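Colleague:
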Ligand SMILES: [Zn+2]
Ligand SMILES: [Zn+2]
């Protein structure tokens with residue numbers, strides 16, 4: 550879980569759409585960017601990486 | 001012309017192509033840009049699987065068209 | 002979870018995925034039924050194949066149980082309708098949707114994979130006697146996906 554904490558987490565600008573929940577980013581959301589340049593919701597990528605270790609898009613390991 | 005190739009996950013790549021390019025040539029350029037061997041690629045456009053040896057003009061693929069890539 | 006499923010349903014309503022349709026059965030949003038048109042190149046051309054889609058409560062973090070309810074003569078599909086597909090097991094990703102899974106299934110119908118088969122008998126027939134495979138597959142399609 551601390552591996553999840555040691556990740557590029559930043560504040561919210566751009567809207568786009570998180571590929572997991574398919575939802576537009578809004579204020580209050582905190583984004584998390586992976587080394588593979590892919591950015592997601594903190595909530596979504598945290599619930600994903602809790603049981604897997606791959607990026608949801610390009611499947612590069614983290 | 002330039003085309004888009006989107007994976008199922010959402011990986012969007014932009015390809016420089018000729019309408020006379022075969023599907024195998026497009027797979028070779030996909031390997032050049034992303035590094036996946038062509039034998040593992042399956043290209044689809046307009047819900048139709050693209051055959052190796054067919055050209056882009058066979059399928060009426062035009063500017064800013066979007067193919068879908070399936071891995072294996 | 003639920004809102005993800007509703008978003009996928011609305012996106013299917015806006016963008017019909019060509020030779021594929023899908024949607025809930027009754028008032029249960031977690032049990033979907035889908036129809037896939039046989040690829041025009043394939044021996045499954047002209048047929049309509051039904052599928053059941055069971056979503057887990059932790060979707061999209063777990064892949065759904067997608068099974069063929071229409072009988073089909075395919076090396077990667079057994080009599081229980083189970084599909085030996087990469088993204089329905091080890092290669093699942095929460096960025097995938099039902100539309101993309103149906104695209105994958107249509108691609109599998111067009112281009113089978115006999116080297117990693119689910120029904121080894123059909124794989125042997127496919128890689129050794131292609132005439133018999135195509136014949137039995139076409140008559141299976143006409144007997145279980147046409148007429149009515
Ligand atoms: Zn999200
Ligand atoms: Zn990635």
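Residue numbers (the deposited numbering), protein chains in the order written: chain B, 550 to 561, 565 to 614; chain C, 1 to 72; chain A, 2 to 149.
Virtual Cβ for every residue (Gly too), placed ideally from N, Cα, C.
1. In terms of residues, what are the limits of the beta strand (DSSP E) holding residue 68 of chain C?
2. By Cβ distance, which residues of its chain are closer than 6 Å to residue 559 of chain B, with the 5 residues on each side in sequence left out?
3. Could you tell me whether the region 106-123 of chain A touches the region 79-88 of chain A, where touching means 3 or more Cβ pairs closer than 8 Å?
4. Give me the residue from A:67, A:22 and A:39 with the minimum Cα distance to residue 74 of chain A.
5. State yes or no: is the C-beta of residue 66 of chain C nearer than 8 Å to some heavy atom of ligand 1?
6. Could you name the residues whose beta carbon sits closer than 6 Å to any heavy atom belonging to ligand 2, keeping them in chain order?
7. With burial defined as no fewer than 16 other Cβ atoms inside 10 Å of the residue's Cβ, what is the status of residue 48 of chain A: buried or exposed?
8. Considering only residues of the same chain and omitting the five flanking positions on each side of residue 593 of chain B, which have a CB-CB separation below 6 Å?
9. Roughly how many whole angstroms lie between the Cα atoms of residue 12 of chain C and residue 599 of chain B?
10. Check whether chain A comes within 9 Å of residue 54 of chain C, counting only Cβ atoms and requiring the distance to be less than that.
11. Does the Cβ of residue 11 of chain A have 16 or more other Cβ atoms within 10 Å, making it buried, or fewer, making it exposed?
12. Are three or more beta carbon pairs between the region 132-140 of chain A and the region 89-105 of chain A nearer than 8 Å?
13. Can you tell me the Cα-Cα spacing of residue 37 of chain A and residue 554 of chain B, whole angstroms?
14. For ligand 1, is there a heavy atom less than 8 Å away from the beta-carbon of residue 578 of chain B?
15. So, with DSSP's three-state summary, where would you put residue 136 of chain A?
16. In whole angstroms, give me the CA-to-CA distance for residue 22 of chain A and residue 35 of chain A.
Modeller: According to the structure data:
1. Element bounds for residue 68 of chain C: 66-70.
2. 583
3. yes
4. Here the closest residue by C-alpha is A:39.
5. Residue side-chain check: residue 66 of chain C keeps its Cβ at 8 Å or more from all non-hydrogen atoms of ligand 1.
6. B:586, B:588, B:590, B:607, B:609, B:610 and B:612
7. By the neighbour-count rule (16 or more Cβ atoms within 10 Å), residue 48 of chain A is buried.
8. 570
9. 24 Å
10. Not flagged as an interface residue toward chain A: residue 54 of chain C, since no C-beta distance is shorter than 9 Å.
11. exposed
12. no
13. 43 Å
14. no
15. helix
16. 5 Å
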